[PDB]
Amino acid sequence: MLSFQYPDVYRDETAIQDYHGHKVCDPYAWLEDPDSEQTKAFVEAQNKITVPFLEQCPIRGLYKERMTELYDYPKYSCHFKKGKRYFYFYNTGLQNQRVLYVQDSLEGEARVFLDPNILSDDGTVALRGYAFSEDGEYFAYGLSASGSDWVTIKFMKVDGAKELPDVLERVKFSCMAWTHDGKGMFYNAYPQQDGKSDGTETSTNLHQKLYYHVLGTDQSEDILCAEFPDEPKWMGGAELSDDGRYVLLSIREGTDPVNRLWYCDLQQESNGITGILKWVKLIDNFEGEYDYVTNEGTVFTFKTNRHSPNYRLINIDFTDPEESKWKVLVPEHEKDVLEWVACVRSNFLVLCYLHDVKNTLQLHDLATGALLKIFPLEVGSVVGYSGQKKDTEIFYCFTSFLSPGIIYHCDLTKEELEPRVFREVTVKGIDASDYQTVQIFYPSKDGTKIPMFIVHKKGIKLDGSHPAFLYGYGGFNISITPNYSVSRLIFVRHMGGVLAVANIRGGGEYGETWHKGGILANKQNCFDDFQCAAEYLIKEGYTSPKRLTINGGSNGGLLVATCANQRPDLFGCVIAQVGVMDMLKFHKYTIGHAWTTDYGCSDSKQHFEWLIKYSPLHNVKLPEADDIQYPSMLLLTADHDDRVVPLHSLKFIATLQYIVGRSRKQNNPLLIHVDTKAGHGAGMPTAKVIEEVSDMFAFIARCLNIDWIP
């Protein structure tokens, strides 16, 4: 099958570094420089063999055509109200970027408010964050080009959609919060730096500061409200309390769900916002998370995980702040995770729980925390919501594996609450009743039961003859819940596949204990969990090693890459998207330093000892048995992925091709595709999403020689 030759790639055998007495050779360290002619030549040479391989079989064109047809359905986001107007995002079907619409009432004719599509020919300029003024008459929005995390904030006057001259630069991982007087907005920015700041650089991001921009002035005039010079990794995001009296500063260091919480009573400022605010350090440590829900005077309601891994709601009175005085408004549940909470119609709280990886939604009284109403939902996820304190209605968006979703509306001014379907779209060509979703719990190596969703055509025989697509992430307290994916359904319907999603440790499915179960010294638990999911699908007859494909992105890319090294005999195909592969150097680039709370850091001897055992880049090794080779592998990255710098994938593929690719027994391809004008994934235009999925499934089809089922 392989009719190409791997590119010549220079090995710097002098690249030797000592890690606490452990010598580590990094022959491809030169790939860390994205700007060199050597690195640009490497990328060119790799894409030169990968592209023809993906485009050879006509199955890619069949898949692309079906994806283009089926993905072409109306996509609406949850309606939300700001001031006297309603807004919602909508994509007719195949627009590169969804468009923001506005209407003066729910029965009023909607009009285009902000269309990102006209900002570029290829839809590579996308919205990244936005914030309306308290009165809804002004609007700030961030724009990212080519997938970069970097943002340029722009402003508009809502009435007439008038462009304002205000432009903020050097914005990244930023909050956006307007003061209620309508004078200006808080945001974050990074100091100027040598070299580029467009997403192709690898420069570490430190010393993020909190600024305040007065509308109608130049950015050079902005006020510095908070900075942490002695703590370069600290990031402080601002938000205004519901009553506009307080600025709440949430300081984070790392990716754990914890934050310091400082506040500033704006009325106590000597003469408005003129510099460093009079911060009161309410919670001045990183021992727990405090997520503002609402306040009534000095009594602040926060969602926290402080001695509550499944989360709960507490009320902290600023006038009697000692922890022993906090009141538990909604106690922690023994197993279900309280995902998020919103306050609406003054005294209602909307609580969203995760019960065995499925969402539930309910309304509670703010004064007592008592349950008042349960909003009925099918098995799936709540992916959208609107309803702030002053609002008298809520909208909530639902989705699942088999149907696009439903947007629900509920008028909260009614004595008897009657939620109703506001919008519902079904994809013609994908009959949901032909498939089923089942949830099973399988034991991992240590006996822990791990949840796994399996989606397949009804009536299939569990004889191991079906190709399977197993997905996982496992980390950063992220819960992998049901979502609608046309691309995966095409695999099921047109490639006769079985979809599986394993809720492995590291995730947030069972709270902070689930998270802690897949980090630091116990990161191996993630890999073991995932390998056991594969073993389950195989044993129970859903698939077989030669027919199994595993996929994951970012931390999930690390997941699948490590699994390929540890159990090459268990997988037929592996697709690793934008993955962290060099676990010894990840902290040196862009925002990589933030991930040490999940992974550890090689600077530490103890941590190095954990990292070196699973780091994809440092564990590529020819399988011992003659009849075992590495699975077919496809790494996908982009040149503007400044979240997980592409060097991770570049170094990894060079290593796989040299150590494994050159071996005579290796006949499965080990390829990389580096895209242009794209990044980690957020904001990717529809055109690119379609090309990516077509590539992924064409690769699977060719490597496993699967026939297309019309």
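A residue's number is simply how far along the shown sequence it sits, counting from 1.
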Practice task
Could you check the entry and say whether 534-542 or 569-577 has the higher mean CA B-factor?
Solution key: 534-542
Practice task
Would you mind comparing 90-98 and 297-305 for me and telling me which has the higher average C-alpha temperature factor in the entry?
Solution key: 90-98
Fill in the blank from the handout: For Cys526, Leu377, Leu366, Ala500, the deposited C-alpha B-factor is largest at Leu377
Problem - Out of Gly236, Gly182, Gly108, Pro451, highest CA B-factor residue - result: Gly108
Practice task
Using the B-factor values recorded in the entry, state whether the Cα atom of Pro74 falls in the lowest, middle or highest third among the modelled residues of its chain.
Solution key: highest
Fill in the blank from the handout: Split the chain's modelled residues into thirds by Cα B-factor; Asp242 lands in the middle
Fill in the blank from the handout: Of the three thirds of the chain ranked by Cα temperature factor, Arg505 occupies the lowest
Exercise for the section: Determine, from the deposited record, the chain-internal third of the Cα B-factor for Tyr190: lowest, middle or highest. Expected result: highest
Exercise for the section: Can you work out whether the C-alpha temperature factor of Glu37 puts it in the lowest, middle or highest third of the chain? Expected result: middle
